[PDB]
Amino acid sequence: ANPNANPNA
Amino acid sequence: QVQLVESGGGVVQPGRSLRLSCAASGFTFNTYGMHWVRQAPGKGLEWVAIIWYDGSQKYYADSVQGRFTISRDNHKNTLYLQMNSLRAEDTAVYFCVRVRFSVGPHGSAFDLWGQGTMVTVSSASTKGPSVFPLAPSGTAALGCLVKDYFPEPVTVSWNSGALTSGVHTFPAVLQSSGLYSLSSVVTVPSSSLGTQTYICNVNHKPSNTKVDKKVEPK
Amino acid sequence: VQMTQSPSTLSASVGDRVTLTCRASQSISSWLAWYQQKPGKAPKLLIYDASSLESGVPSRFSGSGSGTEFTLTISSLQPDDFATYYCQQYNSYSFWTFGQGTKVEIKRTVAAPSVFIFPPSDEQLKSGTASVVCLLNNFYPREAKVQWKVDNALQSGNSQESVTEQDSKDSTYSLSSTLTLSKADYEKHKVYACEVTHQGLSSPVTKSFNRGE
């Protein structure tokens, strides 16, 4: 999903 | 108090730079990806930048690439937007935004938004308005023209706040000079025109201009 | 991915069932969020993943759709639901884009505007410029045409207009149209006229004055 991959911990 | 509070907005000249701050509180800031989203006057929302919870990945809109840098200080719970080479189309309210927590491979919607900080990219100089009367000719209209001021905002009241019903204080319009202008109007019974005085109280804090203008019928 | 919302505006009454539509230019699966925004404040998340209700949001809001077509339904409109509504995609590899938004405003009976015209004050003329202001007071609906005529000839490009938000008490709009000329141009011509058309008016209403009068 590159930029839309989960950005949280 | 789960909130985000942006600061650092104001007037900036084209080509110059500006750093916005966003103070996060009430949640575990360093476990959340964070965004900036902006909204130009009168338009919709535009995504600007994303930063991973740890600062290890950053992505930007094409419109701001190479000019904007997003960063975060996780020990101080602050998000940053460094904007260089600011242009007229960067003029917007800037929101810092938290992504809704999700487990899994995919990121989520925008669940927490700060109050927004306004950035205005203009080469105009601070200038108090000129205040001109809109004189009336069973209902009569009168008002005040508040012309050629910079920057926003101006406040307009009538008769020190004793006149509120029938008041329409129009949103500013940006003129080609780069200065703002607006009218404040009110409708009153025409029978009151010779017996009641009508004064518009205009205040422009950025330039310390305070005007009370008597509006007289012709 | 480009998102498109329709209608751009819509007029509804308290207790109406209203459905707003959002279309993706290519499939976004169900990675779609709806937001509510009122003037001067931040957007509020209503729906995420195209159908999941955000925690604090009342149950009269719902959403559905997948792929390219999505809808937001308010089962029974309430007084605090009048606002602008935005959809937004967060599909994989698609970054984040928003629809242009759908404004939901208060339906009420037609109200023809009252029209007032204002010559430039003596003070403004002394200072080098002439503004002619035309006011349209407390009309509904929003749509109106304000045409300026100078020397009985139709103008364009020298005027700008400004509109209030819907009035909190009577749900009307008010509008100003300002024709700006230099002092010299204004003193060249004689008749200044504001011609207003509005569906509440059987025929256009003209307010005019003669310079000097």
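Values quoted throughout were computed directly from the atomic coordinates according to the rules given, and no laboratory measurement underlies them. Cβ: placed from backbone, ideal geometry, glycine included. Neighbour counts: every protein chain shown.
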Would you look at the GNM of chain C, springs on alpha carbons closer than 10 Å, and say which of C:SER52, C:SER168, C:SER13 moves the most?
C:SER168
Residue by residue through the range C:69-81, what is 3J(HN,Hα) from phi via Karplus (6.51 cos²θ - 1.76 cosθ + 1.60, θ = phi - 60°)? Round to whole Hz and write x for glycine and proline.
10, 9, 9, 10, 10, 9, 4, 9, 4, 10, x, 8, 8
Given the protein assembly as shown, what percent of its DSSP beta bridges are antiparallel, to the nearest 5?
95
Taking a label point 7 Å from the Cα of B:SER123 along Cα-to-Cβ, the residues of the range B:154-193 whose backbone nitrogen sits under 18 Å from it are B:175-180
Chymotrypsin sites (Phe, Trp or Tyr not before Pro) restricted to DSSP loop in the range C:68-166 with at most 13 other C-beta within 10 Å
C:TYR93
Candidates C:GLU123, C:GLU69, C:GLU195, ranked by Gaussian network fluctuation over chain C, Cα under 10 Å, top entry
C:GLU123
Where in the range B:1-51 are there trypsin sites (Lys or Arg not before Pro) that are in a DSSP coil and have at most 15 other Cβ atoms within 10 angstrom of their Cβ?
B:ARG16, B:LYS43
CD proxy, 222 nm, the protein assembly as shown: helix-only mean residue ellipticity via -39,500 (n - 2.57) per DSSP H run with n ≥ 4, per residue, nearest 500, stands at -500 deg cm²/dmol
Say we join alpha carbon atoms closer than 10 Å with springs in a Gaussian network model of chain C; which of C:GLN36, C:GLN199, C:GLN160 then has the biggest fluctuation?
C:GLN160
Short version: ³J(HN,Hα) in whole Hz for each residue of the range C:169-177, in order, from phi by Karplus 6.51 cos²θ - 1.76 cosθ + 1.60 (θ = phi - 60°), x for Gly and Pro, what are they?
7, 10, 6, 8, 10, 10, 9, 10, 10
What spacing in nm lies between the two simple spin-label points modelled at C:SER203 and B:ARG19, each 7 Å away from Cα in the Cβ direction?
6.7
Which loop trypsin sites (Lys or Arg not before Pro) in the range C:73-176, with loop taken from DSSP, have no more than 10 other Cβ atoms within 10 angstrom of their Cβ?
C:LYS169
Can you run phi through the Karplus equation (6.51, -1.76, 1.60; θ = phi - 60°) for the range C:147-158 and list ³J(HN,Hα) in whole Hz, with x for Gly and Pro?
10, 8, 10, 10, 6, 6, 10, 6, 9, 7, x, 9
Per principal axis, descending, Cα span of the protein assembly as shown in whole Å:
75, 48, 41
Taking 60 Å as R0, compute the FRET efficiency from the Cβ-Cβ separation of C:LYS183 and C:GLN78 and round it to 0.05.
0.70
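Output the pairs from B:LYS218/C:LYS207; B:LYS43/C:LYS103; B:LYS43/C:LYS107; B:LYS147/C:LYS126 with a Cα-Cα distance over 20 Å in this structure; if there are none, say none. Show your work: numbers first, answer last.
Values: B:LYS218/C:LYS207 17 Å; B:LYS43/C:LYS103 12 Å; B:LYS43/C:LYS107 23 Å; B:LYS147/C:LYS126 14 Å.
Violating the 20 Å limit, Cα to Cα: B:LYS43/C:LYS107.
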Would you please give the residues with an amide H less than 5 Å from that of A:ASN6, counting only those at least 5 places away or on a separate chain, with H modeled from the backbone geometry?
B:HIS106, B:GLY107
Rounded to the nearest Å, the spacing of the alpha-carbon centers of the range B:5-43 and the range C:1-38 is 26
